[PDB]
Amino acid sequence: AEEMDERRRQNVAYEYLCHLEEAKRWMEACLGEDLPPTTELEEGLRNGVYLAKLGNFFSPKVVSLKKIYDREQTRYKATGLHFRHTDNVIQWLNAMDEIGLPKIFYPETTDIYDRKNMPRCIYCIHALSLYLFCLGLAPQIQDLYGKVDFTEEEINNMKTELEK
């Protein structure tokens, strides 16, 4: 009866994983290339490369692919996050400003680069998706709530990651 409060925590993790899976698939549909596994997506968005490419996808006037830093993520795979990656996240923010996505949905650079608040970044991706679908500039993001499943392991990992 109190362990159910523990299940609630499990449900919250599960739900979030579905929204990550949805964001993942949508970006892959837009970019025409694969993104990391749903379970590693958050860490995989930190260097801002995918977000910058997404930025080019709907606002090519503001986001130049050749101006993206570590566009192939070679620097990232070798060493880790580099301050310069921060500009990628900034190009994405600028792209969204250009197309008119209301400011309220924007995460801050630190929220994604320093992973201070990745969920805020995922929710923003979902709002951008809805806004883009509105303007007929991108396909509709999918609704995988109860369609997809994850292992116990994956849910636990997300659960404790979500906690502290």
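When you see a residue number, it is the position in the sequence shown, counting from 1.
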| property | result |
| --- | --- |
| Entry-level comparison of average CA B-factors, 56-64 and 22-30, reporting the higher stretch | 56-64 |
| Average Cα temperature factor in the PDB entry - higher stretch of 132-140, 103-111 | 132-140 |
| Member of 116, 126, 120, 46 with the greatest C-alpha B factor (per the PDB record) | 116 |
| Chain-relative CA temperature factor third for residue 148 | highest |
| Chain-relative CA temperature factor third for residue 78 | highest |
| Residue 42 - which third its CA temperature factor falls in, relative to the rest of the chain | middle |
